[PDB]
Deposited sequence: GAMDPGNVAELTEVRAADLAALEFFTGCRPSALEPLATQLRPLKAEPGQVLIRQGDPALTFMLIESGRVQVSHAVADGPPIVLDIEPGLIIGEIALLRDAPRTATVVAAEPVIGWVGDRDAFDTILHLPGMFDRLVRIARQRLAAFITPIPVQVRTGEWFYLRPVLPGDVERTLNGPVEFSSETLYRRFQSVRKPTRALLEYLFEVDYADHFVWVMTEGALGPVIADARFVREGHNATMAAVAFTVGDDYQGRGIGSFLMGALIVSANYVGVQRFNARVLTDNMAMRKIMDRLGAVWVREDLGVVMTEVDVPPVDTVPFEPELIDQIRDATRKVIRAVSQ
C-alpha cells in the first residue's frame, strides 16, 4: 500500500519525470520494480526473449554484440524497450559498468509511460539522442554546386510523419505503434537533407515497404519551398536507391496529384509510365552500379544505412 506511494515520489524525483505530480505516477509505480545492479552484472542478454525494459536512475551500462567469427563488438536512460515492443529476441548484451540503479517494467508499463502528458515526446527525444551517436551527417554537393548535409531521419524529425507492417505487434495501442514508427529504419527508410550539419531539414525522401520485408515499396519526396530545382530531389533519390538496394527492396511505386509536376519529374527520370487515378507509377530499382555518385560517397551512404539499422536492432 504505502510503498507504492514512496515509489511514486521516487519516480517523480527523476528528471525524466520533472513536472509530473507524484499522485499521477502511482499506477505506473504499481507496474515497475526496483533495479539494483552490481558492477559487471548482465542487465539484458543477447538471445533472450525481451520481457522488460529498464529505466535507469543512475550508473553507466555497456552494450556489446557477440558473434561467431571474432570478439564481441562493444560501445557503451531507457534500455531494452524496442525489442520489448517489437517482441523480437535481444540482439545485444547490456551489462552494468557501475552500480546501476533504476526500475524494470513490462510492455504495459512502457505503454503507461507513453500515455502520460508530455512523456511520448520525452521518450522520443531520448531515442533521438541515442540514435544521434550513430549518425554522422555527410556533406554532399548538389548539381548547383551548393553544399548540403545528408542523413537518415532522426526520431522526432517532423519529416518522419507521412497498420500494414505493424500487424506483427499483438494487441497494440496507437502509442506503442507510433513509438515503434519513430525508431523504424528497415521497413520505412527516410533520408533527410539539412542546411549545415546540425541545421534544419530542407528535404526528405523515403521508401515504405508494402509490408514487413516486402520487395515492393512506396516512395515519396519533399522539398522546402526555398530549395526547388537544385537537384536536391534527384540526389536524395540516389541515396534512396543506395539504401533500398542494401535492405532488399527491388521495386518502387508512387501516387501523386497531377499538378505536382516536381515529384512527377523525379519519377520521370526513372522510366515512369503514369496511369490516372490522380496519377501513379511503378518502376524497377536500378543497381548500385548506376547511381551518379563516386564509389566513396556510395560506401558512406550504405555505411550510414547499416549503422542506423543495427542501432535500432533490425
In sequence order, what intervals of the deposited sequence carry no C-alpha positions?
1 to 8, 85 to 88, 175 to 185, 301 to 303
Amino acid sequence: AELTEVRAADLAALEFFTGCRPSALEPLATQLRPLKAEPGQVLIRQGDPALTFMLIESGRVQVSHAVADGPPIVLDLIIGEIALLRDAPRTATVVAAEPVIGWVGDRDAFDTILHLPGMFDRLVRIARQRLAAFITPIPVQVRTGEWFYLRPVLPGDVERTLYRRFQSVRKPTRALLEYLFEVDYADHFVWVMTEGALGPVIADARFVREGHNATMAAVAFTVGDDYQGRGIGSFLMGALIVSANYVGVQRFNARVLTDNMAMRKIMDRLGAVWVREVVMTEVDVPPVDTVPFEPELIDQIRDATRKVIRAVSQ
From here on, numbers count along this sequence of modelled residues.
Higher of the two mean Cα B-factors (232 to 240, 147 to 155; per PDB record) comes from 232 to 240
Would you tell me which stretch averages the higher CA B-factor in the PDB entry, 220 to 228 or 200 to 208?
220 to 228
Kindly indicate the residue among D121, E182, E98, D76 with the greatest C-alpha B-factor in the PDB record.
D76
At the C-alpha atoms, which of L257, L43, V63, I56 reaches the highest B-factor in this entry?
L257
Ranked against its chain, the third holding the CA B-factor of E282
highest
Where does the C-alpha B-factor of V312 rank in its chain, lowest, middle or highest third?
lowest
Going by the CA temperature factor in the PDB record, which third of the chain does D69 belong to: lowest, middle or highest?
middle
Assigned third (lowest, middle, highest) for the C-alpha B factor of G47:
lowest
Entry-reported C-alpha B-factor of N213 relative to its chain, by third, is highest
